[PDB]
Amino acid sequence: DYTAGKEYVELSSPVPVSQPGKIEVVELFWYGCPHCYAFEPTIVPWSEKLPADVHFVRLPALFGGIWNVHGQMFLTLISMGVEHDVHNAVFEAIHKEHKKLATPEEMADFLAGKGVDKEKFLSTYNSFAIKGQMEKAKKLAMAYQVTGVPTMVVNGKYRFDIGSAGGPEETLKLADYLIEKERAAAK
């Protein structure tokens, strides 16, 4: 059994969830984060097997500079509806192929090779709608009081990471435990 204050903490000010009625699981990440890249083989298959009442979401940590730029790329891909399909390839480009993907022109030229419309990528990247999603994501990370990645937050209420949980497998087992806690809770 896990212990509040040890493997996870409870946020004294819970944060609203992106999809009311589902148990939210957020992974805060940065595409350029090696620990984030390394966790992917653990969290990806798990995330695809979650039940119908769970909503898994990735949230880019907008902690400045290149993190903001890569987060803006993430959010642009989500808007275009293609992030899932090019997700692994972005991680691979950054960590294996030496691609910096540090400007929208560079991102668009890379993503074109993965099927992504460059004009639509560029227009979405610079859109007002993306500005709002950026601020939303910033304010969420501030409200979760997250100061590094990868970090998990369940149902806007419980924050934990690989170190606190005690390893990558433990991170998912803890998430499972916390999902069950929320499923059992009175509505």
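Numbering starts at 1 and follows the sequence shown.
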On mean Cα temperature factor in this entry, is 45-53 or 23-31 the higher one?
45-53
As the entry reports it, the stretch among 66-74 and 145-153 with higher mean C-alpha B factor is 145-153
Taking the values exactly as deposited, rank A93 by C-alpha B-factor within its chain and report the matching third: lowest, middle or highest.
highest
In terms of its chain's C-alpha B-factors, the third that includes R58 is the lowest
Position of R183 among the chain's modelled residues by C-alpha B-factor, lowest, middle or highest third:
lowest
Lowest, middle or highest third: which one holds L101 when the chain's residues are ordered by CA B-factor from the entry?
lowest
Taking the entry's C-alpha B-factors for this chain, is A129 in the lowest, middle or highest third?
middle
